[PDB]
């Protein structure tokens, strides 16, 4: 029913987890912040696994391709996870591009990427050719906007030149407007760079990352997931919680990240139903009281 931003504890926690077949975790602000894990996060994943609960992971962070992201999980103390459980915006972008650019061998094209090496590596793993890689650059058939620490006026100009070709696709990893750093400062997100590309090119980007439903499609392509039996746990109302509502999942806001309980309750008072979490917890460690 309508979300009420209720604190998940006691019987409500036991019932919700007991009926759930799996949990879908956002990563940044949920499992960790920078190099600091959320206390109790590794133990939660273990007890979820021993309870027969499936776990999957989403993230709009495109800094690490799947191999390095799996190494990060293991290094930070999350054991027993498999790389195929990890669904970043980089992975989903590579899938979409592969799906859309699959065709005659003589007509494969190249992807112009505004983003970092991890994003480039994820596209290469999918078989995509990248503009700027060694050797002649084939016809650019798509522009991909991601988190780009090297964003520049000249490369923005170059992306838009490619987009003058109406057959050149425009894809964005996500629309996150900004991201918090350890020192309290903020960094602009793909949403800010996408707004620049979209405005200068007059185009609408295809967005793969949450809250876009495509990110869930990527999961369902690999795993049988009953959304009505899946908990969506995230820290950002405008991405994770909206994502859950669009996919029909029960949404849980954790307060270890971007969004606050006051922001959530403000959405409820305004009747903005799809941005109101069904439940909330101080941290995902609070969920362990519903197991054993």
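Residue numbers count along the first chain shown, from 1.
Comparing the deposited coordinates for 107 to 115 and 199 to 207, the stretch with the larger average C-alpha B-factor is 107 to 115.
The question of which stretch, 135 to 143 or 118 to 126, has the higher mean Cα B factor is settled in favour of 135 to 143. Taking the PDB entry at face value, the top CA B factor among 81, 156, 194, 94 belongs to 81. Considering 267, 32, 57, 243 together, the PDB entry gives 267 the largest C-alpha B factor. Per the PDB record, residue ranking by Cα B-factor puts residue 70 in the middle third of the chain. Residue-level temperature factors show residue 175 in the lowest third of its chain, judged at the C-alpha atom.
When all modelled residues of the chain are sorted by CA temperature factor, residue 23 is found within the lowest third.
In the deposited entry, the Cα temperature factor of residue 181 places it in the highest third of its chain's modelled residues.
Per the PDB record, residue ranking by Cα B-factor puts residue 235 in the lowest third of the chain.
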